[PDB]
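Asker: The structure follows.
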Amino acid sequence: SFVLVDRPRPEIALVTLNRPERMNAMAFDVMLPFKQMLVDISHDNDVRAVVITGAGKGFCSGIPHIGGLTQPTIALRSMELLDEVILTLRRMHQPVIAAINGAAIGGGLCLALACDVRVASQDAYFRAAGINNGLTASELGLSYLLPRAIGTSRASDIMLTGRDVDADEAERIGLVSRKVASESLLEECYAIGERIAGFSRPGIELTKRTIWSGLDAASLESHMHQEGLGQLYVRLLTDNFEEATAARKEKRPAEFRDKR
Amino acid sequence: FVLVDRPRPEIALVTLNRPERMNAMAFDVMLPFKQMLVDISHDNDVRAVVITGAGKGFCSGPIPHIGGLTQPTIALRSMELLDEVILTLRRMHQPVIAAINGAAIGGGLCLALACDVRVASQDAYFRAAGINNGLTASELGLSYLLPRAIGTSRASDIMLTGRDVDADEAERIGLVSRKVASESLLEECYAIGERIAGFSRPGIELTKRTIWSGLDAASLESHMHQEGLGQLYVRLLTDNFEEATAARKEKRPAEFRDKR
Amino acid sequence: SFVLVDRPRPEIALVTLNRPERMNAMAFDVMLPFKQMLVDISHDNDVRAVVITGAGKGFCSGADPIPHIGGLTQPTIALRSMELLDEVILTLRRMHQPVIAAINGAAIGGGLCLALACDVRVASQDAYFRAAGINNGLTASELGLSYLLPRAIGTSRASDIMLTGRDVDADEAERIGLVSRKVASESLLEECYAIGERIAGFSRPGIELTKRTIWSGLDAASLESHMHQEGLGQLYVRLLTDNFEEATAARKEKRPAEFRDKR
Amino acid sequence: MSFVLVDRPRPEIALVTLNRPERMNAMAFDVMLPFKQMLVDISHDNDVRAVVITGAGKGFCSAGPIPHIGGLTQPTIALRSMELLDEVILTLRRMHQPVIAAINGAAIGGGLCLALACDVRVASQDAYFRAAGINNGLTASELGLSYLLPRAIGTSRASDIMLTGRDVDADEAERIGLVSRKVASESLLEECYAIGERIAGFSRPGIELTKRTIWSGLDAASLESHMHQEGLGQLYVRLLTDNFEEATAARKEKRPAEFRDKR
Amino acid sequence: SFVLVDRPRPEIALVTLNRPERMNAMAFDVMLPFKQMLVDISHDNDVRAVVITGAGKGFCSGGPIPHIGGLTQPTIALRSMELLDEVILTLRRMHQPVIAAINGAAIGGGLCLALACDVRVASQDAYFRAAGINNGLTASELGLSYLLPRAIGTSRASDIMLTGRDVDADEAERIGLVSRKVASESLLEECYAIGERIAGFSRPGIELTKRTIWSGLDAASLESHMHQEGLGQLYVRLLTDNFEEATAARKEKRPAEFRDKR
Amino acid sequence: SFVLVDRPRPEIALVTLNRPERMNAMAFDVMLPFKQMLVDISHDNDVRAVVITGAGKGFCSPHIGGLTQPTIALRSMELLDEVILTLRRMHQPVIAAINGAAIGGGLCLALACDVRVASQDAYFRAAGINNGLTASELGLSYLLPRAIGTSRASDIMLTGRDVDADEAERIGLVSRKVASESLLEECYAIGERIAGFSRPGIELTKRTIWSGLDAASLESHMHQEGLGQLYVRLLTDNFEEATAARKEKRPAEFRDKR
Ligand SMILES: [Cl-]
Ligand SMILES: [Cl-]
Ligand SMILES: [Cl-]
């Protein structure tokens, strides 16, 4: 009921947050089947790319094993649960593309930023709603990931005012990389997914990982070691590069076998 | 030297006041300043701080505690006095908003980056003036913070060439998050501070703290622990969340008490 | 013959990647010597700024007899070949002088990485960028790209670019800050010489240390620690030159400053 | 018979026994897979305050079906196998309760890495350690070894051990701080339980946050950012429980503290 | 007066925590005259080295908070934690090296205080505990979980923090929580000998050594960090004739007399 | 001839600092090619492990046309910085055979080696402070706390005291302490152990260790370690050979290939 999965294209999974009346709020009865679904899809090798979207007008508007626990540990467990949604998205083998169909506020914004790629429809808007909710603006990666997406100036402004950021702004400042018509939003994300599906699987998987490890790295030279090894790993253990050369000489798109 | 006003009951306005010399860095304009910042930080009537310069510029004399010292150490002390200004702004409880009314060059550009939010007048401009002055372009956090605000390609060009950056370009590239008409600059800044003041006190404090801490962090996962803890702190120790829900339901302004 | 070195302006070296027929893809047997040329220019004190551009229509496509390979098995030889490219990137960074990428055409794969290794990036109207590793069936990330691209253009744009293997045209490159400037093809070298001459007009140690603090600031964990390095450099040039007194005099009189970099 | 046993030797202490002694408790996927699910399950088990891990038989820890590989090729399959082991290290790290490694014998290769992923390390006199990835013809580094060994014992000692693939006996391990405690073989479990009992009598959130700050302290770049996390955690427990007043009343009354983690 | 300041040698300040009937606890009454006094000392150019110690039996264990008009409970708690954080950070920031003369119990905040100092010397009577954990809280506070593993390694720090055990002076010296242990009646004398050595060296030389050590803990990259160290070395070498003076003092059979100038 | 190179065992290069009269001091003119000697060894595939020592009692104590003194001084610091970074970057492990005084830059040089071994007569000092400068250069303030911990590093650097061989071993500044007559023998045995192991195996080990110092995320660094581990595992038959060698009670002879 609360989370839907579809296969709109043969290698592309679409995950729908489905509690439209609550704008797909990050309640636990949503976020728990959400997390498990992500784990299942990471393990499913027919899937090369994943799109996330909200049912209805919003994208996302942001407990078990609690026997014997007091309220303060329980709250710790509840936040940990949401933290794990964020880290699970980042750890998935496949790139995750956020199809931001509407409001993406508070934790919904953090959810977008936990994806690899972000696409806005004309109707998407964003807010750091933690601050409007009388708490902090910062939760679930937001104070880490927002400035790395759009820079300090724009991130501070957004986090300290709790103002609305519309689709035009979002694309202008690089909060999303694309902005499209509402009724083409998913189609655009599928088109992204399909380009990804035609690339090397380990090639793609290591690319996603080096980007995230790249945020968590503070030496160029150290990080370059990880990047190089993955390039050589795929080069030596597949015939992909010979195949891309052979395809481009025979004026043809490449078909990658990911093995010798 | 430095004037302070209360143009709204929870907004302190700090006016750098040596207009004849473009409100320049001065080891007698600078250290008074530091203690004024400290006092404003301890001043619980103040929720937001606005800094601007008198006259047309924004920001471009005995080093105290000097007896017994020699030239090399004296010079370390004087640079340290400036480094502490940068660091004191970052440490203040309240967000600091730069109302950039005119030239911000050298240390003046550094000051503005030490502020949380940057708002440009159409008449504002920026320069990495250390380089035009026969020195390096880098000081006072500039080579750390500028690239994190506007990205490397743009940061390097501005710092290596020592060119002037006008208001249009500053706003376009994310050096400031807003550009407005000269006559509306302070009022735009008052409206921002008033929003901040309408939000949770510890909410805001911890938000500002997580943003700065976020630049000084190199692990997504470590940083999330700090954000989450602050979020739960305010959630559990206040009734703020319920008050935001009640005010939203009753179409009225939130009045956060920051207590249960 | 694989790269040309010219001196178009008195204190500016132009390095022209010269395999036009292969869009300036560089050979593994050119790599050790190419790094020696950069090294030599670093130690050429006539040179205050370096411009790198492509011969023919392309800028650089990166990948194409690896030296010091005797007795090695294939897997090690491959690590050695990746290291040679790594070290080219690091050498640019390490050069005393700022390096300006005059991007005249396609900068793809290793060529995008090369531009990112340079301090300043200027695009011709004809320039394009692509993370071609992914199009070539490998990963998109090599040679610092996964580290340096988000630091240029932020994560949203970088992840899109790297994962979809699309082309970024000159317009989009300036807009998103992959390059700082975009000019007509016939003005590209001229724009870069003008930037180079500004730089030559500044203090040599002032410039050298600016460049080093920039790269050092990316490899830095703490605002406070990094300030220590910056401040030390600023005091170093201030106390060991009268450059600062010269800049004040030069503005009083309305003449260009002429820094002596000594007292 | 199952490759991983769990017991409850003391009311709030889980004992995890790696239980394929015929292979010195090697990290074949038959052992590790049910290892990881049991760890997760224990983390969700609120009866348990501390976890102890040991090896059955002579060894502490020294291949089988890789799951979810349908439609996958060799190189990707190898990626999955390595991730599976990585996830083990990260799960131990991420568990609510402190883990105590009761090292009763050989901890070599992945087994040394396993010990390093625990919070506390106690050696039997019979314990010994080896970075056996190197002796196996590979690198010495995997599963965090090259990150964590030097954080445990310093670079000098780590490099020596990793590059030479020598045995480090119990006397050395305790002396250099690879383990914090060394005890007779017959007292090993007893020593670990006493540790686990001290832990159980401390605050639950207090302990959980301590473990988390220690681990995130090592993934931290700034003393000052780290203190923010630490202080938040301290204020959290202080303001939301009466533990601190309990601690005061307990010392004034000369009794064990009895923390209720609540007001 | 909850803090005493003495001048036991002409270039050495001694700071005594002076509430022995409470084992010198980190009450705000103590911690206020602390930070401002340390800042004062930092600006006193007669002082080349600082020693900190506790009156009576203990070193330091774990009163209106100022500036809290109109704050609520949780914000006042933030303010009080910040006060303590800023003491840690001030010690780090002082020009002169701070030597902890640890004469007794150094538990919780008092252990954290010792880690905030550059050099730690234990009396034979000294002992350490991460007492936040014994107090029903976390063991981690005031830099502890950052600085303990960097002093002694993870294995040892984890054990100590999770068990709330007492760490005697023999252990503290063995595991490098302190670099020295001496007889209790010789404690201050040992730290004074350390301070006089410090005093005999370059002032910039010593100031930049301390700063690079602290910054190096907050550094991500060796190569980055080397740029800071090299600049400081070149700065002192080129702005003083100290290096020539150390060469000449050796030859001429006379002590080095560094005047920090040419 | 301020640098000697020998080959005391078949895959082992000995680099002997050879200016004993000056206790093997940093000479500016005789290190701009000493970096090149290391670069030549690094690219010599006959050599598996490098041992560095000093002649005599001690271990260890251009292009400026048109430059001014401040910049010449930056150039001069750079060349010494380049020596530190070069050791770190060599393909092969570098073993410091510390036979005597290792003071100042001589201590930093030792810290830039992978493995440190002290003679009983070896001693150490952060001599920049005794020289009226700072104690910190060439990595010292970064690498010394990561070898011996903060407490001990700060004491050593701020006091400029002597650290004898006994203390060096006890605190982990060196990992081994031997009799003077046995120093080079101990380092050769270690070198030949290294030579017996996989070449890419060894090279990636060194790199991960150095890189691991310049990492601030466990999870990040684990990606690098695993990739390198898988790379050698699938691209060679070493693992299968180790297995076979044990079972046949013979030494392993790794081919670094399938
Ligand atoms: Cl639309
Ligand atoms: Cl054109
Ligand atoms: Cl001997």
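Lettering and numbering for the structure tokens are positional, with chains as A, B, ... in the shown order, residues counted from 1 in each chain, and ligands counted from 1 in the shown order.
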Compute the set of chain F residues within 12 Å of chain B, using only C-alpha atoms, and express it as a PyMOL selection string.

Answerer: chain F and resi 214-221

Asker: For C-alpha atoms, I'd like the residues from the last selection saved as a PDB file, in the first residue's frame.

Answerer:
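Final output, saved to selection10.pdb:
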```pdb
ATOM      1  CA  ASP F 214      45.589  11.077   4.273  1.00  0.00           C
ATOM      2  CA  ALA F 215      42.093   9.660   4.703  1.00  0.00           C
ATOM      3  CA  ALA F 216      39.445  10.834   7.163  1.00  0.00           C
ATOM      4  CA  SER F 217      36.797   8.238   6.346  1.00  0.00           C
ATOM      5  CA  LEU F 218      37.024   4.506   7.162  1.00  0.00           C
ATOM      6  CA  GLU F 219      34.431   3.580   4.527  1.00  0.00           C
ATOM      7  CA  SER F 220      36.163   5.608   1.872  1.00  0.00           C
ATOM      8  CA  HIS F 221      39.540   4.123   2.534  1.00  0.00           C
TER       9      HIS F 221
END
```

Asker: For residue 260 (chain A), work out the shell of residues within 12 Å, counting only C-alpha atoms and skipping chain neighbours fewer than 6 positions away, then give it as a list in words.

Answerer: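 The neighbour list is residues 233, 234, 235, 236, 237, 238, 239, 240, 241, 242 and 243 of chain A; 73, 74 and 75 of chain D; 235 of chain F.
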
Asker: Hey, which of A:118, A:22, A:7, A:91 ends up closest to chain D? Count only C-alpha atoms.

Answerer: A:91

Asker: Taking only C-alpha atoms into account, what are the residues of chain F at most 7 Å from chain E, put as a PyMOL selection string?

Answerer: chain F and resi 77+129-139+141-142+149-152+154-155+158-159+214-216

Asker: Could you write those residues out with C-alpha atoms, as a PDB file, in the first residue's frame?

Answerer:
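Final file, selection15.pdb:
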```
ATOM      1  CA  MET F  77      62.488  24.363   1.353  1.00  0.00           C
ATOM      2  CA  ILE F 129      64.002  23.880  18.027  1.00  0.00           C
ATOM      3  CA  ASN F 130      67.616  23.569  19.378  1.00  0.00           C
ATOM      4  CA  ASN F 131      68.680  25.489  16.256  1.00  0.00           C
ATOM      5  CA  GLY F 132      66.558  28.513  17.235  1.00  0.00           C
ATOM      6  CA  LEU F 133      63.899  27.665  14.610  1.00  0.00           C
ATOM      7  CA  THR F 134      60.667  25.654  15.048  1.00  0.00           C
ATOM      8  CA  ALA F 135      60.723  21.889  15.633  1.00  0.00           C
ATOM      9  CA  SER F 136      58.350  21.396  12.688  1.00  0.00           C
ATOM     10  CA  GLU F 137      59.310  20.715   9.120  1.00  0.00           C
ATOM     11  CA  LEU F 138      59.269  18.104   6.430  1.00  0.00           C
ATOM     12  CA  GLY F 139      56.231  16.352   7.958  1.00  0.00           C
ATOM     13  CA  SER F 141      54.444  17.581  13.325  1.00  0.00           C
ATOM     14  CA  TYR F 142      52.157  15.446  11.180  1.00  0.00           C
ATOM     15  CA  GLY F 149      50.963   9.742  19.816  1.00  0.00           C
ATOM     16  CA  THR F 150      50.472  13.392  20.819  1.00  0.00           C
ATOM     17  CA  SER F 151      51.729  13.329  24.484  1.00  0.00           C
ATOM     18  CA  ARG F 152      55.130  11.927  23.537  1.00  0.00           C
ATOM     19  CA  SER F 154      54.840  17.295  21.921  1.00  0.00           C
ATOM     20  CA  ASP F 155      57.258  16.574  24.750  1.00  0.00           C
ATOM     21  CA  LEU F 158      59.017  21.356  22.523  1.00  0.00           C
ATOM     22  CA  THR F 159      61.955  20.260  24.710  1.00  0.00           C
ATOM     23  CA  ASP F 214      45.589  11.077   4.273  1.00  0.00           C
ATOM     24  CA  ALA F 215      42.093   9.660   4.703  1.00  0.00           C
ATOM     25  CA  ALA F 216      39.445  10.834   7.163  1.00  0.00           C
TER      26      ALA F 216
END
```

Asker: Ligand 1: which residues are within 8 Å, counting only C-alpha atoms and all ligand atoms, as a PyMOL selection string?

Answerer: chain A and resi 121-123+180-183

Asker: Skipping near chain neighbours, those fewer than 5 positions away, what residues fall within 12 Å of residue 138 (chain D) using only C-alpha atoms, listed as a VMD selection string?

Answerer: (chain D and resid 109 131 to 133 162 to 163 165) or (chain F and resid 196 to 205 225 to 242 254 to 257)

Asker: Restrict the selected residues to C-alpha atoms and save them as an mmCIF file, in the first residue's frame.

Answerer:
```cif
data_model
loop_
_atom_site.group_PDB
_atom_site.id
_atom_site.type_symbol
_atom_site.label_atom_id
_atom_site.label_comp_id
_atom_site.auth_asym_id
_atom_site.auth_seq_id
_atom_site.Cartn_x
_atom_site.Cartn_y
_atom_site.Cartn_z
ATOM 1 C CA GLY D 109 44.037 -11.656 7.748
ATOM 2 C CA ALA D 131 48.342 -9.500 8.177
ATOM 3 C CA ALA D 132 48.129 -12.732 6.187
ATOM 4 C CA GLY D 133 46.803 -11.057 3.006
ATOM 5 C CA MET D 162 51.797 -5.272 7.383
ATOM 6 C CA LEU D 163 54.772 -5.326 5.022
ATOM 7 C CA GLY D 165 53.677 -10.581 7.370
ATOM 8 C CA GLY F 196 59.353 -12.918 -1.285
ATOM 9 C CA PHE F 197 55.892 -11.402 -1.460
ATOM 10 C CA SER F 198 53.866 -10.139 -4.509
ATOM 11 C CA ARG F 199 55.265 -6.982 -6.153
ATOM 12 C CA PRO F 200 51.883 -5.295 -6.797
ATOM 13 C CA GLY F 201 50.868 -6.778 -3.465
ATOM 14 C CA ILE F 202 53.672 -4.924 -1.698
ATOM 15 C CA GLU F 203 53.293 -1.704 -3.697
ATOM 16 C CA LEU F 204 49.578 -1.315 -2.952
ATOM 17 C CA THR F 205 50.208 -2.190 0.735
ATOM 18 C CA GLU F 225 41.867 -1.374 0.001
ATOM 19 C CA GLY F 226 39.286 -3.788 -1.423
ATOM 20 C CA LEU F 227 39.775 -2.783 -5.038
ATOM 21 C CA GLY F 228 43.533 -3.368 -4.705
ATOM 22 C CA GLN F 229 42.883 -6.655 -2.941
ATOM 23 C CA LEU F 230 40.531 -7.838 -5.664
ATOM 24 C CA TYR F 231 42.860 -6.599 -8.395
ATOM 25 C CA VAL F 232 45.736 -8.838 -7.289
ATOM 26 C CA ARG F 233 43.365 -11.713 -6.376
ATOM 27 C CA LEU F 234 41.736 -12.024 -9.856
ATOM 28 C CA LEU F 235 44.668 -10.843 -11.975
ATOM 29 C CA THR F 236 47.264 -13.213 -10.509
ATOM 30 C CA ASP F 237 47.279 -16.769 -9.259
ATOM 31 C CA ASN F 238 49.179 -15.797 -6.100
ATOM 32 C CA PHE F 239 46.462 -16.855 -3.622
ATOM 33 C CA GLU F 240 46.289 -20.324 -5.204
ATOM 34 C CA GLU F 241 50.110 -20.466 -5.130
ATOM 35 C CA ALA F 242 50.322 -19.540 -1.415
ATOM 36 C CA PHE F 254 54.529 -15.613 -6.632
ATOM 37 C CA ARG F 255 54.218 -15.015 -10.350
ATOM 38 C CA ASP F 256 51.960 -11.908 -10.121
ATOM 39 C CA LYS F 257 50.098 -13.257 -13.158
#
```

Asker: So that I can see what lies close to residue 65 (chain E), please list as an mmCIF file with C-alpha atoms, in the first residue's frame the residues with an atom at most 10 Å from it, counting only C-alpha atoms and leaving out residues fewer than 3 positions away in the same chain.

Answerer:
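Resulting contents of part-v3.cif:
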```
data_model
loop_
_atom_site.group_PDB
_atom_site.id
_atom_site.type_symbol
_atom_site.label_atom_id
_atom_site.label_comp_id
_atom_site.auth_asym_id
_atom_site.auth_seq_id
_atom_site.Cartn_x
_atom_site.Cartn_y
_atom_site.Cartn_z
ATOM 1 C CA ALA E 27 32.154 24.693 38.640
ATOM 2 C CA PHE E 28 31.477 27.845 36.691
ATOM 3 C CA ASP E 29 32.882 29.859 39.636
ATOM 4 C CA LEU E 32 35.127 31.779 34.735
ATOM 5 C CA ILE E 68 21.211 33.709 30.655
ATOM 6 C CA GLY E 69 18.500 36.341 31.136
ATOM 7 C CA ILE E 76 21.091 27.417 29.154
ATOM 8 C CA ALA E 77 22.417 23.868 28.912
ATOM 9 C CA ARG E 79 25.532 27.827 27.069
ATOM 10 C CA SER E 80 27.056 25.892 29.947
ATOM 11 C CA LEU E 83 31.672 27.592 28.427
#
```

Asker: With only C-alpha atoms considered, list every residue of chain E at most 7 Å from chain D, as a ChimeraX atom specification.

Answerer: /E:77,81,133-143,145-146,153-156,158-159,162-163,218-220

Asker: Tell me as a PyMOL selection string which residues belonging to chain C come within 10 Å of chain E, counting only C-alpha atoms.

Answerer: chain C and resi 209+212-213+215-233+235-237+239-240

Asker: Please produce a file of those selected residues containing N, CA and C atoms, as a compact mmCIF listing (two decimals), in the first residue's frame.

Answerer:
```txt
# COMPACT_ATOMS: atom_id res chain seq x y z
N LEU C 209 52.32 31.19 -3.95
CA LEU C 209 51.72 30.78 -2.69
C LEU C 209 50.19 30.84 -2.74
N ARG C 212 49.32 27.54 -4.45
CA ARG C 212 49.50 26.46 -3.46
C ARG C 212 48.42 26.46 -2.36
N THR C 213 48.03 27.61 -1.81
CA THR C 213 46.95 27.64 -0.82
C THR C 213 45.59 27.22 -1.40
N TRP C 215 45.05 24.91 -3.92
CA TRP C 215 45.10 23.44 -3.99
C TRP C 215 45.15 22.83 -2.62
N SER C 216 45.91 23.47 -1.74
CA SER C 216 46.03 23.05 -0.34
C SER C 216 44.71 23.16 0.41
N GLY C 217 43.87 24.12 0.03
CA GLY C 217 42.58 24.33 0.70
C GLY C 217 41.55 23.29 0.34
N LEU C 218 41.63 22.74 -0.87
CA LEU C 218 40.81 21.56 -1.25
C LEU C 218 41.21 20.32 -0.43
N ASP C 219 42.51 20.16 -0.17
CA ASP C 219 43.04 19.03 0.59
C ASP C 219 43.10 19.33 2.09
N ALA C 220 42.07 20.02 2.59
CA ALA C 220 42.10 20.57 3.94
C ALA C 220 40.80 20.28 4.64
N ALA C 221 40.90 20.04 5.94
CA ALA C 221 39.82 19.53 6.78
C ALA C 221 39.22 20.57 7.70
N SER C 222 39.97 21.65 7.92
CA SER C 222 39.67 22.60 8.99
C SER C 222 39.97 24.00 8.53
N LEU C 223 39.01 24.90 8.69
CA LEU C 223 39.20 26.31 8.34
C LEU C 223 40.39 26.90 9.10
N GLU C 224 40.45 26.60 10.40
CA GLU C 224 41.45 27.17 11.30
C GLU C 224 42.88 26.76 10.92
N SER C 225 43.08 25.48 10.61
CA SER C 225 44.40 25.00 10.22
C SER C 225 44.83 25.67 8.95
N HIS C 226 43.93 25.74 7.97
CA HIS C 226 44.29 26.29 6.70
C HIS C 226 44.64 27.79 6.79
N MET C 227 43.94 28.52 7.65
CA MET C 227 44.26 29.94 7.89
C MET C 227 45.73 30.11 8.31
N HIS C 228 46.25 29.13 9.05
CA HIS C 228 47.61 29.24 9.55
C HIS C 228 48.56 29.28 8.38
N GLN C 229 48.41 28.35 7.45
CA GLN C 229 49.19 28.39 6.21
C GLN C 229 49.04 29.70 5.43
N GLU C 230 47.79 30.16 5.23
CA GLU C 230 47.55 31.41 4.48
C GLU C 230 48.28 32.58 5.14
N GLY C 231 48.06 32.73 6.45
CA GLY C 231 48.56 33.88 7.18
C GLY C 231 50.07 33.92 7.12
N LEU C 232 50.70 32.75 7.33
CA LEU C 232 52.16 32.62 7.26
C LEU C 232 52.73 33.10 5.92
N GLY C 233 52.08 32.70 4.83
CA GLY C 233 52.43 33.17 3.48
C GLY C 233 52.25 34.67 3.32
N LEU C 235 52.25 37.03 5.66
CA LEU C 235 53.31 37.69 6.43
C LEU C 235 54.69 37.51 5.79
N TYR C 236 54.94 36.32 5.26
CA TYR C 236 56.20 36.05 4.59
C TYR C 236 56.53 37.04 3.46
N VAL C 237 55.62 37.20 2.50
CA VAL C 237 55.78 38.19 1.43
C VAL C 237 55.76 39.63 1.93
N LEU C 239 56.75 40.90 4.97
CA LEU C 239 57.94 41.28 5.71
C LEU C 239 59.24 41.15 4.95
N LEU C 240 59.23 40.37 3.88
CA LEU C 240 60.47 40.14 3.12
C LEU C 240 60.55 40.89 1.78
```
